[PDB]
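Undergrad: I'd like to ask some things about the structure below.
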Amino acid sequence: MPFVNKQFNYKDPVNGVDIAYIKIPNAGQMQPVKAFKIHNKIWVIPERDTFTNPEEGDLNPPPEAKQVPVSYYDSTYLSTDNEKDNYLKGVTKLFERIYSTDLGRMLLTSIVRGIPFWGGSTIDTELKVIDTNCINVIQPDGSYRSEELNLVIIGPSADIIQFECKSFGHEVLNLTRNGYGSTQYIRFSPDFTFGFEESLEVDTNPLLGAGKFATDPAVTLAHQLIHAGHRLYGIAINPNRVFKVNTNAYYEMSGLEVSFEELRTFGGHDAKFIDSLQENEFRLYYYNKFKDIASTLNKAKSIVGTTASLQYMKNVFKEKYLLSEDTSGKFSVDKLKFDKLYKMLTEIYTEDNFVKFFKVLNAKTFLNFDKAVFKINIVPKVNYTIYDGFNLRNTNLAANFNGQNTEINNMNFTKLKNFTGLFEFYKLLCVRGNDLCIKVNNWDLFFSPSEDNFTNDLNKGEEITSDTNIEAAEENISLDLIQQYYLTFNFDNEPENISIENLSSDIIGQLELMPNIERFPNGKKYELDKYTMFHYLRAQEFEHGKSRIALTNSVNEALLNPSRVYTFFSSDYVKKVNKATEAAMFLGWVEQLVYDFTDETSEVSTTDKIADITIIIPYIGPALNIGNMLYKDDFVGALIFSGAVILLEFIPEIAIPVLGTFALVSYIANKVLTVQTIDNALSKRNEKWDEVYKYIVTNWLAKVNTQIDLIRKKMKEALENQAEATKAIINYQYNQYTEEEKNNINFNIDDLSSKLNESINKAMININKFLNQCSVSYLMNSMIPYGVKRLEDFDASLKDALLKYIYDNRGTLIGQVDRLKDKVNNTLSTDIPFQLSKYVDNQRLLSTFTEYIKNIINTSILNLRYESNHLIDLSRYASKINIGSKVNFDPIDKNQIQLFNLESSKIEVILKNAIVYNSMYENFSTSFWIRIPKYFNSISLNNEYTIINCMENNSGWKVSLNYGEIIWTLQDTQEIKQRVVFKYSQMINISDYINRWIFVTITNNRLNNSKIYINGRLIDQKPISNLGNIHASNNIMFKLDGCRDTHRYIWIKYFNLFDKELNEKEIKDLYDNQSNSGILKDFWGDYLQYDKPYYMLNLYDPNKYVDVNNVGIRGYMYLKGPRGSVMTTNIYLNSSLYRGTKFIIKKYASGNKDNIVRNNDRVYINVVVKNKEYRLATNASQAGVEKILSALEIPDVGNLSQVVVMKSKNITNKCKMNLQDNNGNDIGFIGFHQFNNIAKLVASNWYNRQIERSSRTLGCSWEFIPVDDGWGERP
Amino acid sequence: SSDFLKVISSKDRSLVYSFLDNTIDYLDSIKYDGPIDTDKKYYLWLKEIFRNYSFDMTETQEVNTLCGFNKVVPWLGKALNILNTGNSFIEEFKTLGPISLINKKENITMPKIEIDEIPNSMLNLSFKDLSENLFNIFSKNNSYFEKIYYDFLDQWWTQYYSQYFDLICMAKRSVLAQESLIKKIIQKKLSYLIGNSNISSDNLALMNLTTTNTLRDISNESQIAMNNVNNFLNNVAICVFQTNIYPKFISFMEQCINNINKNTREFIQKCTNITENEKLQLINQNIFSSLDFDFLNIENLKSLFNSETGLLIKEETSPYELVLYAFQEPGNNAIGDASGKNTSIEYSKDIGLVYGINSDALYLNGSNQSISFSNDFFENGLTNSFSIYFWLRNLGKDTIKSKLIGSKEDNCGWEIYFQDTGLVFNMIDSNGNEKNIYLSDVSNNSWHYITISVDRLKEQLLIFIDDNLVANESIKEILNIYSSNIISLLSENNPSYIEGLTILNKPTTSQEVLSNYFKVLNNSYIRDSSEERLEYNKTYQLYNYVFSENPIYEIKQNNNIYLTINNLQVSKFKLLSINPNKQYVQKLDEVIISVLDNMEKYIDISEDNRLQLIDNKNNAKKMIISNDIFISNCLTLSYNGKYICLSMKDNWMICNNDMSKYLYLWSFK
């Protein structure tokens, strides 16, 4: 069901039904303009809006620039038929994209259903359609009809990016606020977009590109569309309600103009700048408006201007307003239904929910001022998809929100000149001296709300009745509730396109007069006694030219000289950059600079003295002159001593009133009403706690959190300035060299920029964590305790009042007064803790660790897995996979690739050319589970063969093998090579690596050592800091290339390739995740399976193996040795692993046919004595904590206990066998106990008592060894 | 003092050298403070002294060196005169490297090694025999290189790690000296207050009892610092081996393999009974490269120091003061402590055990069922951090403030009582300061994982229910809470299930709580809405995650019966397994869904993927049950790679995967 029923072209002939000339309401008269009906009562006018408002009849830019941070002006846009066709295609495409998601589908259904009410009648008993809420569609024959429509999309006004809603009001009413509504004209331009900067997502995606991102135009259209939808239902907040902002101080911005409707529409943290008092005020006001409309509908008698039946119109407006019909047909506004509808229209259809559904990167708060203008094109599917936007799937653009980057995906975004030029609306900040003055943009300054926006009725006393109801909790909106409402949303009902009487040929209508907003002062000059964040950040700026620039820690000189840049780094960094570098060591000098940058910017200072703040970032101190003083240690000590108060530029002026006492109305001779009254008193006290906490939370969000986000953005700007100045100096040094020298060095600035941006990204994730901790600490320590104190005073007051109340009613309640007294005392003596996660959903631990594992698995540039029936990449790139004919897959686990020493047994991975490793500095990691059989022939000695090859023209990386060795190799372009080896010797009794599954991991930090981890723990590391440009192979080959042995093969699985150097704990988590803790293992590492004989081993005494003394009731099982040894000289020498009796796992409580053993499986265990099976049975009637364990005839087991519970823990491929009887009694874990000189097999509860594990307890850890060809020893 | 030169130059023999800047500064700040007349001021002073000492001693800083991330312990510079010239210990440790921490730094000498040249008698040998002899020579050479590496390892130990272990022992002795000095200060202040104050005698007795526990905690913090310095210096020594010994071994072995390759190549070129192509084959087959003497293994170098003594110390000083274990033996039920400490348990013998989440749980009537855990640490005190966590499932509805568990001697201590439908945590100190907190929605016939963490260092009280930080308070205004050694589990007036009771002597962070919660929950079991264990042949009722308030109803249409929600008789759901020996439903297993009608019926998927109700016993196909470990009990039903999800409004269930993930989620009750 596509949103648009047909493809529309601007050159299509008029039809009078969907494509036609139209005349919109206007002040005077104008010529009809071509327009296209895309959906029911939704029209599109591919023309610049110059006629809906006579005040804007000129497309020339106004003499005064708009008070908007981002602006653009051109007239030739949307002047040609081709451009208008492009506009129509883009509008239709964005409408389809919005309709694709469920939220957009609901919004569009409501938009179509939200027909403006008919209020153009002076007669109260007749419903007359308002003239300004219709259109004049010219039929082809010459006549014209009048059609009622809800929404009309039109071209932009003089400012192209000034997307706004317009409408025509009635004679005296305000249709956008009285519940009537009016036709909406949206000045939308799908051919342009804004350019902002996002930083809070470095936590989730640590590979964000530099430069500015581009807003998905579908998001902007959704915002404008829901604004128009609020207009349609007549519940728009009055524009006179503006969030007031303080301005007097220097650090304060010159001004800001945001409506409460804009904050309502944005959602998220913007929707919480409004206290619950004003929210309830608006809800009740619009409830009254809806009840007025219901009353007007009730007093209706007939219709005017159409042939439609009265019942039809009743049903239409009932469906629009969700009114209730009684048996008599009277309409009333149900409180519940209006509440649900208002929730749907206001706190559900927000831009934040649309950003959640589109899965795109949009600025979370309106304070994230957009920075640039980008011309785009969205109709070409190669540039923009319905379901994906700029982030094309299965491409480089899909990953890391790269498709919205305007420096990487540069073919899809064209930078434009911003007419709001630098230092147009700004403030001048001067430090007294000469008085050093700088210019700081208006939207570059701090935003502080006025206290008037925060009004509460807490000081108002409240009277409690028996029938008083307690309001439900104000839960945050999540996708769960959005899907809940989508499930019950009725998409079948649609408005009928009824025919109404013809209106005037020239419709007369006047657009509603919005209040005139006074421009805030411009050019205002300040004076300071010291620098600030603004002066310090400006001191980090520079100019592009031919003059050598130097990094100096002195801010004053940097301000005094544009050729000198202030840096918050150490003197070593400035000495290194400043000193002239000769041609020879330029590359080494650049490497040193990169290392110093990535070290100092990622510097942390963990502390434990303070409660919640864990880490500190010292260089924040000198970076922005945060707080005062100069020394970094001074800042650290000050932050330890005081806390987050130093960070904030202004101390919030929190004012919590004395809580209004509760007055209880006395009820006489009614115990039920009295107990109900006191219960309601306690419940209202709890609600009072909740609402004062909510008020303090909103105050903190409006007054403190914004400061912290501004500081975060300024720190990001500081880091970017540092990188840009350093790179400019490096570029100047490189340009000083001769052309031949430049040819000698393969120095690419792009790789340097990527490395520095990634280091800045890590520094920024650190800064984000620090600032989040500081903000939450200030909220918990300097705002909540005041509210807690007021609540405690209120609790004492109400406690005394309720004690008096129950005293006064001693006759009414006889005997149950002590209960009431103690209940009141207990309930009022407790506290309700401030759980921040109840009010803001940004601080959930589950989200944190889920994002941690998601970043572990989804940052892989190659996640090769076998699913369904094919092996393919599962990452964001879905690279090409070619499978040779002789590549075997394990039937029991079809993700375990096997590769032989054959030419047609290979897996070739064709990578996207944007991810192939060609970089001098980029870190990267790889990981895979490998299984290498024991070498048998002496030819294997000194025979190294590559297994995973990504080496091209003697350059790249390769995982290679050798006798008892696993080698990782790198070779850059200059042919110099570095390898790191894990050596495991085969001359050992029992080994953890020979023919065992091994979790190999390789992490390559081009500034540090490349290291190889085995089974999650570091094994080797070699320095690779000197290696130059490594250009890996475009393809990656999975084949044994060089092994002279014919029968030599490897097993490999879960090959993942990541673009960052995994840290130790990430490697540990990878190991313990991919280890499949839900499934038991055998000795080698394969999944433990039923009906598969295994030899037994004990971890405590490997040299001994299991044997039966005799079969029968009196028999038992025991351990005996020596294990023996299989040796082939100079190749291998190991204990014989195929000795002793064999064990078989038989299904007892397995509910599926899979032959896989999982945790806590109730099974039977059989012992193969002389190729005959017996049950591993025991009797619990024997004394002693350790009870003997024997082998018994299967039909003769009887009532004896034989249940074995299989337990897997995380490791040495161990398996724990608990013993239980038919009654589910833990008769104990299976191990061995020494009696006389025989180590018999017993079951004991003493193992259960030990939980400290490790030493001593380990006796209970068994291992199953199936007959595997890798070992190859004869049985 | 803070000047070793001045300490020695102090002719009065009064000062004593120390390196605890926080404690020294705190003592300097209260130098002009008023005298401590009462026990409250003594508690404040003792707590502040303990906290300053623990922040001085146990503090460590992670630094990135040429070897990795290392826990540099900063006070060693002021403890062993190691690089005091620079501004800080860490800056010198980085700008000078690990090798600067010792005196004699160039100590490695090349072992005297002899390698037998290839015998000449092999000249008249056939190709196969010559190749076999060359293979034997290759194996012996590899073994000899390994022996040279072992000799180098022993040499590095005996020469370089001897100095670092001298540093280790000296630093441990310095820490013990500082601990003894601090205990001297504490005892002299306590004795002076006993002898020269008007404090009540019982207050003096409680002060002595509390000061004993504070001294024990100071000992524990000293042990923490000793372990920190030990691990730091062990890592530094291993990194010294990395950066100083191994390159020398590599260079010597490179020269040795070069010479041996030259000799073997000359010997092969001198052989007479070998063709030219076979000569080239043998020459390239018996070469030596870096792959043969690349014996470096970090795990073995860091596993040298592992020992049985370390394991015994680790388990003896284990933070687990109490970890209740319970199981059922034929004849009786065993309940006790599994922490290895001296905690005694006295429990009423009428307490049954029923399976809870992962293990057995004690069932409490609420009237006569009592359990008492005796342990010295349970007395608590002024400056001991601890943590209490367990699984609680209430089976009561009493609003009265009824005691659940805690240690309360003479109104002093900590406790947790049932109250309303939730819990109340109460902490009362001797001075009367009370921390009283209320937790909502806890008593719901459902399992909740309750954790309390009292951290006296940062003075932080953390309370988690399930896996949410339900409370984060400051106990900076709570002094000595000395209580009885007995912790009593009574659960007054509310029969309940209590599982996995655990008391630690260490504060717990959020990550540990989340890890424990998911670790216990993720035991391959399917849980219904009640957090219990789902089972076969039990009459459940199905609910959706999105529509948990809305049950599933059965209704007849199109000569069939279909199940749907309403935006209707509620359907009854059961799960069936193939084997009649299975009771509970484990993760990743086959299920047949059954509905109890007048005659029992099973589920099936029709052509349109709708969920149809059938009567045939064998026609019903087997679905697969799974879930996510991140979610406690929101299970998912799948079939052939396609789950079961809520359909569009028309609301039945469909087997489609072109919708949101929330639609696949389900629950049972």
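Here's how to read the names in the structure tokens: chain A, B, ... by the order shown, residue numbers from 1 in each chain, ligand numbers from 1 in the order shown.
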With a distance cut-off of 10 Å and only C-alpha atoms, select the neighbouring residues of stretch 421-427 of chain A, excluding the residue or stretch itself and same-chain residues fewer than 2 positions from it, and output the selection as a VMD selection string.

TA: chain A and resid 65 to 71 250 to 255 417 to 419 429 to 430 438 to 445 520 to 526

Undergrad: Just the selected residues (C-alpha atoms), exported as a PDB file, in the first residue's frame, please.

TA:
ATOM      1  CA  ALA A  65      19.153  38.770   8.321  1.00  0.00           C
ATOM      2  CA  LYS A  66      16.883  36.355  10.154  1.00  0.00           C
ATOM      3  CA  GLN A  67      17.755  35.588  13.777  1.00  0.00           C
ATOM      4  CA  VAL A  68      18.514  31.991  12.795  1.00  0.00           C
ATOM      5  CA  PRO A  69      22.008  30.434  13.060  1.00  0.00           C
ATOM      6  CA  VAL A  70      21.750  28.814   9.602  1.00  0.00           C
ATOM      7  CA  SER A  71      20.416  30.641   6.547  1.00  0.00           C
ATOM      8  CA  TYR A 250      28.620  38.080  29.349  1.00  0.00           C
ATOM      9  CA  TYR A 251      28.579  34.272  29.171  1.00  0.00           C
ATOM     10  CA  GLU A 252      24.851  34.397  28.406  1.00  0.00           C
ATOM     11  CA  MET A 253      23.705  34.379  24.804  1.00  0.00           C
ATOM     12  CA  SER A 254      22.254  37.528  23.273  1.00  0.00           C
ATOM     13  CA  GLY A 255      18.912  35.745  22.989  1.00  0.00           C
ATOM     14  CA  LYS A 417      27.471  29.741   1.310  1.00  0.00           C
ATOM     15  CA  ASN A 418      25.817  30.672   4.606  1.00  0.00           C
ATOM     16  CA  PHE A 419      24.390  34.189   4.542  1.00  0.00           C
ATOM     17  CA  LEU A 429      34.161  39.515  24.972  1.00  0.00           C
ATOM     18  CA  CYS A 430      37.115  41.525  26.272  1.00  0.00           C
ATOM     19  CA  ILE A 438      37.248  38.508  20.621  1.00  0.00           C
ATOM     20  CA  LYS A 439      33.975  37.951  18.784  1.00  0.00           C
ATOM     21  CA  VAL A 440      31.813  34.969  19.741  1.00  0.00           C
ATOM     22  CA  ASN A 441      28.752  33.977  17.728  1.00  0.00           C
ATOM     23  CA  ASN A 442      25.315  34.464  19.266  1.00  0.00           C
ATOM     24  CA  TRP A 443      24.513  30.747  19.101  1.00  0.00           C
ATOM     25  CA  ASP A 444      28.022  29.950  20.369  1.00  0.00           C
ATOM     26  CA  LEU A 445      27.163  31.229  23.868  1.00  0.00           C
ATOM     27  CA  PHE A 520      17.692  40.827  20.658  1.00  0.00           C
ATOM     28  CA  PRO A 521      20.533  43.379  20.840  1.00  0.00           C
ATOM     29  CA  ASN A 522      23.413  42.937  18.406  1.00  0.00           C
ATOM     30  CA  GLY A 523      26.977  44.178  18.700  1.00  0.00           C
ATOM     31  CA  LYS A 524      26.818  44.355  22.497  1.00  0.00           C
ATOM     32  CA  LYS A 525      30.291  44.612  24.019  1.00  0.00           C
ATOM     33  CA  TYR A 526      31.448  43.163  27.345  1.00  0.00           C
TER      34      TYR A 526
END

Undergrad: Within 6 Å of chain A, which residues of chain B show up when using only C-alpha atoms, listed as a tab-separated table (two decimals) with N, CA and C atoms, in the first residue's frame?

TA:
chain	number	residue	atom	x	y	z
B	139	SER	N	66.27	-30.99	14.95
B	139	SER	CA	65.55	-31.15	16.21
B	139	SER	C	66.45	-30.85	17.40
B	297	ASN	N	56.80	-16.17	25.76
B	297	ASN	CA	55.44	-16.55	26.16
B	297	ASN	C	55.10	-15.74	27.40
B	298	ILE	N	54.20	-14.77	27.26
B	298	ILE	CA	53.90	-13.88	28.37
B	298	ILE	C	53.16	-14.63	29.46
B	299	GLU	N	52.29	-15.57	29.08
B	299	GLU	CA	51.53	-16.30	30.08
B	299	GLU	C	52.43	-17.11	31.00
B	328	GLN	N	19.21	-30.76	49.33
B	328	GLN	CA	18.38	-31.79	49.94
B	328	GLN	C	19.08	-33.14	49.79
B	329	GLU	N	19.39	-33.78	50.92
B	329	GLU	CA	19.99	-35.10	50.94
B	329	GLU	C	18.92	-36.13	51.29
B	338	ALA	N	29.04	-21.62	53.00
B	338	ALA	CA	30.01	-22.18	52.07
B	338	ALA	C	31.18	-21.23	51.82
B	436	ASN	N	16.90	5.71	56.73
B	436	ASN	CA	15.70	4.92	56.51
B	436	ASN	C	15.24	5.14	55.07
B	437	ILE	N	15.17	4.06	54.30
B	437	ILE	CA	14.87	4.12	52.87
B	437	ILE	C	13.77	3.12	52.56
B	438	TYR	N	12.88	3.48	51.64
B	438	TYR	CA	11.75	2.66	51.24
B	438	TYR	C	11.90	2.22	49.79
B	458	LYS	N	34.14	5.91	50.19
B	458	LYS	CA	33.43	7.02	49.57
B	458	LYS	C	32.14	7.35	50.30
B	470	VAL	N	18.16	1.29	42.51
B	470	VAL	CA	16.96	1.87	43.10
B	470	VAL	C	17.27	2.91	44.16
B	471	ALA	N	18.48	2.92	44.72
B	471	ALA	CA	18.80	3.92	45.73
B	471	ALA	C	20.29	4.19	45.74
B	546	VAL	N	4.48	-6.57	24.83
B	546	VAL	CA	3.84	-5.28	24.58
B	546	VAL	C	2.47	-5.21	25.26
B	567	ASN	N	-8.37	-5.29	21.73
B	567	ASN	CA	-7.87	-3.92	21.86
B	567	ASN	C	-8.63	-3.17	22.94
B	577	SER	N	6.45	-31.82	25.64
B	577	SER	CA	7.71	-32.32	25.11
B	577	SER	C	7.52	-33.74	24.59
B	578	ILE	N	8.47	-34.18	23.77
B	578	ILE	CA	8.40	-35.52	23.21
B	578	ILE	C	8.65	-36.57	24.29
B	579	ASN	N	9.60	-36.31	25.19
B	579	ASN	CA	9.93	-37.30	26.21
B	579	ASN	C	9.10	-37.06	27.47
B	581	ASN	N	9.81	-37.82	30.39
B	581	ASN	CA	10.69	-37.71	31.55
B	581	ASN	C	11.16	-36.28	31.80
B	582	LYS	N	10.64	-35.31	31.06
B	582	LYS	CA	11.06	-33.92	31.18
B	582	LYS	C	9.99	-33.14	31.93
B	590	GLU	N	12.52	-28.14	21.80
B	590	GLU	CA	11.29	-28.26	21.05
B	590	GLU	C	10.08	-28.31	21.98

Undergrad: Can you tell me which residues surround residue A:905 at a distance of at most 6 Å, considering only C-alpha atoms, apart from same-chain residues fewer than 4 positions away, and format the answer as a PyMOL selection string?

TA: chain A and resi 884+886-887+899

Undergrad: Let me see the file: selected residues, N, CA, C and O atoms, as a PDB file, in the first residue's frame.

TA:
ATOM      1  N   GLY A 884      35.080 -22.551  -2.240  1.00  0.00           N
ATOM      2  CA  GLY A 884      35.564 -23.644  -3.051  1.00  0.00           C
ATOM      3  C   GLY A 884      34.735 -24.898  -2.859  1.00  0.00           C
ATOM      4  O   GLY A 884      34.013 -25.060  -1.877  1.00  0.00           O
ATOM      5  N   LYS A 886      35.690 -27.891  -2.227  1.00  0.00           N
ATOM      6  CA  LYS A 886      36.229 -28.848  -1.270  1.00  0.00           C
ATOM      7  C   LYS A 886      36.354 -28.260   0.134  1.00  0.00           C
ATOM      8  O   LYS A 886      37.255 -28.630   0.888  1.00  0.00           O
ATOM      9  N   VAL A 887      35.454 -27.356   0.500  1.00  0.00           N
ATOM     10  CA  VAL A 887      35.437 -26.756   1.828  1.00  0.00           C
ATOM     11  C   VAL A 887      34.323 -27.426   2.618  1.00  0.00           C
ATOM     12  O   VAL A 887      33.143 -27.298   2.280  1.00  0.00           O
ATOM     13  N   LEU A 899      39.422 -26.571   6.205  1.00  0.00           N
ATOM     14  CA  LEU A 899      40.194 -26.289   5.004  1.00  0.00           C
ATOM     15  C   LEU A 899      41.316 -27.307   4.870  1.00  0.00           C
ATOM     16  O   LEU A 899      42.087 -27.512   5.812  1.00  0.00           O
TER      17      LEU A 899
END

Undergrad: In stretch 953-1133 of chain A, what's alpha helix (DSSP H) per DSSP? Answer as a VMD selection string?

TA: chain A and resid 1064 to 1074

Undergrad: With distances taken over only C-alpha atoms, which of A:203, A:872, A:276, A:154 is nearest to residue A:761?

TA: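 Among the listed residues, the smallest separation from residue A:761 belongs to A:203.
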
Undergrad: Using only C-alpha atoms, which protein or nucleic acid residues come within 12 Å of residue A:1170? Drop anything in the same chain fewer than 5 positions from it, and give the result as a VMD selection string.

TA: chain A and resid 1107 to 1108 1110 to 1111 1140 to 1142

Undergrad: Could you name the residues that touch stretch 811-813 of chain A at 10 Å or less, counting only C-alpha atoms, but leaving out those on the same chain fewer than 3 positions away, as a list in words?

TA: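 Everything that qualifies: residues 667, 668, 669, 670, 671, 672, 674, 675, 806, 807, 808, 816, 817, 818 and 820 of chain A.
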
Undergrad: If you run DSSP over the backbone, which residues in stretch 239-349 of chain B end up strand (DSSP E)? Put them as a count of residues only.

TA: 20

Undergrad: Mind checking which residues fall within 9 Å of residue A:321, counting only C-alpha atoms, ignoring those fewer than 2 positions away in the same chain, and posting them as a tab-separated table (two decimals) with N, CA, C and O atoms, in the first residue's frame?

TA:
chain	number	residue	atom	x	y	z
A	114	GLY	N	-7.44	14.10	10.48
A	114	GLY	CA	-7.59	15.36	11.20
A	114	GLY	C	-8.14	16.50	10.37
A	114	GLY	O	-7.47	17.53	10.21
A	233	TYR	N	-5.53	19.69	14.71
A	233	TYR	CA	-6.42	19.36	15.81
A	233	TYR	C	-6.70	20.54	16.72
A	233	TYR	O	-7.44	20.38	17.70
A	290	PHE	N	-12.26	20.62	23.59
A	290	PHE	CA	-12.91	19.47	23.00
A	290	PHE	C	-14.33	19.30	23.52
A	290	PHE	O	-15.24	18.93	22.77
A	294	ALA	N	-17.74	19.28	21.39
A	294	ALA	CA	-18.74	18.23	21.55
A	294	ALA	C	-20.12	18.82	21.80
A	294	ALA	O	-21.12	18.34	21.27
A	316	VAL	N	-18.06	11.26	11.23
A	316	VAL	CA	-16.76	11.77	10.81
A	316	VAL	C	-16.10	12.54	11.95
A	316	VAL	O	-14.94	12.30	12.30
A	317	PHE	N	-16.84	13.47	12.56
A	317	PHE	CA	-16.23	14.28	13.60
A	317	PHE	C	-16.07	13.51	14.91
A	317	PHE	O	-15.14	13.79	15.67
A	318	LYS	N	-16.92	12.51	15.17
A	318	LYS	CA	-16.68	11.62	16.29
A	318	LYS	C	-15.37	10.87	16.11
A	318	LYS	O	-14.57	10.76	17.04
A	319	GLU	N	-15.13	10.35	14.90
A	319	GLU	CA	-13.88	9.64	14.65
A	319	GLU	C	-12.68	10.57	14.75
A	319	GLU	O	-11.63	10.18	15.27
A	323	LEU	N	-14.97	11.12	20.14
A	323	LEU	CA	-16.06	11.40	21.05
A	323	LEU	C	-16.86	10.13	21.34
A	323	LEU	O	-16.70	9.10	20.69
A	333	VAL	N	-17.15	14.20	25.75
A	333	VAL	CA	-15.70	13.98	25.68
A	333	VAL	C	-15.29	13.13	26.87
A	333	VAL	O	-15.24	13.62	28.01
A	338	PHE	N	-9.76	11.23	25.57
A	338	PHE	CA	-9.04	12.47	25.28
A	338	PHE	C	-7.61	12.40	25.79
A	338	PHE	O	-6.70	12.92	25.15
A	341	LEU	N	-5.69	10.34	23.30
A	341	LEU	CA	-5.50	11.08	22.05
A	341	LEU	C	-4.46	12.18	22.21
A	341	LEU	O	-3.63	12.39	21.32

Undergrad: Would you mind reading off the distance between atom CA of residue A:991 and atom CA of residue A:1134, one decimal, in Å?

TA: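 Going from atom CA of residue A:991 over to atom CA of residue A:1134, I get 8.2 Å.
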
Undergrad: Could you name the residues that touch residue B:375 at 9 Å or less, counting only C-alpha atoms, but leaving out those on the same chain fewer than 4 positions away, as a PyMOL selection string?

TA: chain B and resi 321-322+341-344+379+485-487

Undergrad: Okay, now the selection with C-alpha atoms, as a PDB file, in the first residue's frame?

TA:
ATOM      1  CA  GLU B 321      32.024 -13.533  54.696  1.00  0.00           C
ATOM      2  CA  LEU B 322      28.901 -15.643  54.170  1.00  0.00           C
ATOM      3  CA  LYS B 341      34.891 -18.524  57.334  1.00  0.00           C
ATOM      4  CA  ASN B 342      33.991 -19.267  60.950  1.00  0.00           C
ATOM      5  CA  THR B 343      30.346 -18.261  60.470  1.00  0.00           C
ATOM      6  CA  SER B 344      28.065 -20.465  62.559  1.00  0.00           C
ATOM      7  CA  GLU B 379      29.173  -6.778  64.373  1.00  0.00           C
ATOM      8  CA  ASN B 485      27.530 -10.614  65.809  1.00  0.00           C
ATOM      9  CA  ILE B 486      24.217 -12.319  64.992  1.00  0.00           C
ATOM     10  CA  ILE B 487      22.382 -11.649  61.737  1.00  0.00           C
TER      11      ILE B 487
END
